[PDB]
Every structure is written in C-alpha cells, then in structure tokens.
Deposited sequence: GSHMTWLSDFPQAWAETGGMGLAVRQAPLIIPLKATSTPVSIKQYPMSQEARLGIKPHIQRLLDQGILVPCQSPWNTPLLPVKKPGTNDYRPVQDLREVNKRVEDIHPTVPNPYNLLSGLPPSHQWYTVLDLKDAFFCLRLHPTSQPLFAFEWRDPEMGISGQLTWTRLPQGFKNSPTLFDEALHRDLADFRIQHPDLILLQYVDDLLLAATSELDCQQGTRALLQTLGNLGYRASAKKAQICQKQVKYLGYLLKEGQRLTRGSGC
C-alpha cells in the first residue's frame, strides 16, 4: 500500500526528519536585547520521571544537546516537557506574519478539484536546523546543567512562520512540475487537490516522494489519501463545500 511504496516519506518508517536543503536558521535579536536567565521552578519527582524519557529520546536524536548559556527559560513543573519561552520571545526581533488564515487559504480551492489528499507533517519544527549561534537562546535546565535545542523549538513565536516559509521554498519546484494540482499549505498541514482520482494518486505519489526526499515526514496514521471527502483545518471538505 501507500506505506510500503514510500518508506522515507512516513514518520512511521523514515525516522526523524531533517530538512536537508534548508540552511540552519539564525534568529536575530531586537537591537537592545541581552540574555535573560530565569530560574527553573523546582520540579517534583513525578514530573521529572514523566518528562525524562522524552528528554532522553531528544538527546538520542541530537535534537537536544548539552550547553552552557547566559539564557535560561523554565520547563513547566506540570507528562511531556513544555518550555515557557515568553521572555525569549520578547527579546527576538519580530517578523511579518505570512501564514494565511485558514478561511483565506481555503478560498484558493476551486470547485473543479474534488479529489483530495491530506497530510500532516510530524515534528515539523524539529526538521528545521538552528544555527549554532542561535542555539543558546533556547537553553533550559535539566537535572545537572543546561540543555538546548539544535532545531526550531516549540513555543518560539516565529516557529510557525519560519516553518511555513521554509516548506514553501522546498515545495516551489513541485508546484511548477505539477501546475494542474492545487496544494494548500498551513504550516504542517497540507492539502493536495486534483481533478481525477488518477491525478490525485499520481500527485500524491509525487508529493510523498518529494517530501521524503527533502527530509520531511508525514503521519501515515492520520493520512487521508485520495478521498472525495476529507477533514482539513477543522473543516469537512465535501461536494466542494466549505
């Protein structure tokens, strides 16, 4: 089936992603910013044990590395690790928000394309590398020393925009090679639209092959492939309605 033909494209089979064509991102600070080091709220053993294997997996994957940084933000003591990056966000230069609202994005769907494929990318932000100069920005304490992210982190205010822009650059060629297909991108949520079941299945094969090649990974479990009706961005797409 779909899973077997494209082992590289699916998170289930291809391993953790890494966007090989994308240069490691440099994150510019506002002109007056200096590092802020916020103390870690003491964590209960229950929370620590809950979070631990997630931290170990990320270390194993090279997504977290040890560091010493003048920056520090807290992990929430209440599992799965959630970092409060608000004080970092305040010190990072704003970028223009280029991610379209879903209502506007969907206006780009013609009544002519009614065969749909929906993919969502797994651990999307983690596919984007962070330049070593920007890594220390995102440090947190783990017990003893600090760890930090080598990839675009959750909770960082510019992650959705930077990811959406990176994927747009990576999929520019695909769009050109398949000028009849409709591809909607909302950060990590993709909808491919076609006129026929055949166009859709050939399109979908090409999109998966392309994604896998670029280093992105889709969720095989959640994939809606070549259906006349799909869920996308909390809409039900059917009869060309919605």
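Numbered from the first deposited residue, the unresolved ranges run 1 to 4, 83 to 89, 155 to 160, 260 to 266.
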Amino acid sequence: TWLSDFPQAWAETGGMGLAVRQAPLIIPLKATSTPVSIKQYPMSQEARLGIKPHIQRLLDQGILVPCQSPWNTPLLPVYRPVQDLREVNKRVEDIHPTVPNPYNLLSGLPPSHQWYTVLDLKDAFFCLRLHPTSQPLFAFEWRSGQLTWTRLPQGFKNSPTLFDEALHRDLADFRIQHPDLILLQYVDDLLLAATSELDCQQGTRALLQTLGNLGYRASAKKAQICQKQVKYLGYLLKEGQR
From here on, numbers count along this sequence of modelled residues.
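Rigid core (definition): largest C-alpha set, two forms, superposition within 1.5 Å.
Rigid core superposition in 6 other deposited structures of this protein puts the Cα atoms of one stretch, out of 69 to 77 and 125 to 133, farther from the shown form on average, and that stretch is 69 to 77.
Stretches 198 to 206 and 45 to 53 differ in mean CA B factor, with 198 to 206 having the higher one. The stretch with the higher mean CA B factor, choosing between 22 to 30 and 36 to 44, is 36 to 44. Residue set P102, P77, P136, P153: peak C-alpha B-factor at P77 (per PDB entry). Note on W149, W115, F125, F140: the highest value goes to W115, judged by CA B factor as recorded.
Annotation for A193: CA B-factor lies in the highest third of the chain's modelled residues. Among the modelled residues of its chain, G108 has a C-alpha B-factor that falls in the highest third, as given in the PDB entry. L58: CA B factor lies in the lowest third for its chain, per the PDB record. Ranked within its chain, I176 lands in the highest third, by CA B factor from the PDB record.
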